[PDB]
Each structure stands twice: as C-alpha cells, then as structure tokens.
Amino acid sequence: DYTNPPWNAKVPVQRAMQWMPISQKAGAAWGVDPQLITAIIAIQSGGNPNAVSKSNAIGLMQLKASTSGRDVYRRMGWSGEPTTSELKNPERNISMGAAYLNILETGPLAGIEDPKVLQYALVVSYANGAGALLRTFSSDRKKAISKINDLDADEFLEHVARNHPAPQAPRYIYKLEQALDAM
C-alpha cells in the first residue's frame, strides 16, 4: 500500500523550509499557500534545486518543461517552454510551480469548495495531472467536480486510492500530510 515504505518528512522539510522567503514571494504573487509550495518542494526534491528526474522534471518543484512549463508560459502570453537552465534557478522554479498551482486551481480544478479536499486535488493533479485525476470520477469536467464536492478529505482520499490508475496518486496525499505535520 501507499504508506509503504514510510516517509520521514523531517529532513526533506528541513531543506525545503530554507526556500520559504521565495515561496512567500511566489505564493503572494499567484495566490497560493506558501506551505503547500513548501510541501511539494519537500516531497518532490527534498529541497535540492539541482534535482533532475528520469522523466526529466527539473528543480525544486520538479517541473517538466513540456507540460507545466509550457502551460505557465502560455498563461504569461509567451511561446515555447523554459530551458533546463531557467528551471534550476530556485526562484524561477518556485514562481513557476506556484504559477502552475494557480493555473490548476483556476482551470481544471475550479469548483472545489472544501479547501482541504481542494488541497488534496492539487497535489495529485500536480504530480500526476489534472485530467488523470478527473477521469477517475467522470469524463466530464463539471460532473467530476460535483462528485468531488460531495466528499470529505477522508473520502476523496479513498476514491483516489482505488479509482486512480497511478499507485502513487494516494501516496502524495500521505507524503503531503507527513510534510504538513513536519511544519
């Protein structure tokens, strides 16, 4: 199951808390909880700004140029996508991750009223994609939402654990909570 193997948030949180001044800046700019940004950093890279994955996600918030990067750039009115170089810059990385969270929050995920579930929707949508999250409820965006609103955090987490194709989906929520406890 997804609680396995357990995760000790403390050190990843210890190194992620160092960027808080930046997360506060980025968070204010994009209307995003600075701790949520910090939680993702901790879960995604453990706070190393030079992090590069197998799938080729970059930096502190582990952004993929060709998806989240492309999306933020489009939100800005810019063509193309960020270079790997930009994304290793902590500030560029964090602001762009925060921008991506606001994009999710005001696009695909618009409509979640319960902010605790919403914060759950965001970590799963961030790490595995919004559409992937939504199609576990229905192929229609608005129907998927109305269902989501009839759940409490514990229920939404249930549904994720068994109706979400990716096994890691529910584990991000767990790591999340492990990260918020460690703040």
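Don't overthink the numbering: it's just position in the shown sequence, from 1.
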(message) On mean Cα temperature factor in this entry, is 76 to 84 or 107 to 115 the higher one?
(response) 107 to 115
(message) So, looking at the entry's B-factor column for Cα atoms, which has the higher mean, 155 to 163 or 13 to 21?
(response) 155 to 163
(request) Between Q44, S68, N128, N149, let me know which has the highest C-alpha B-factor in the entry? (result) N149
(message) In terms of recorded Cα temperature factor, pick the maximum from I40, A26, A144, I58.
(response) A144
(message) Splitting the chain's C-alpha B-factors into thirds, which one does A132 fall into?
(response) middle
(request) Classify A51 as lowest, middle or highest third according to the C-alpha B-factor given in the PDB entry, relative to its own chain. (result) highest
(message) Which third, lowest, middle or highest, does the C-alpha temperature factor of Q62 belong to within its own chain?
(response) lowest
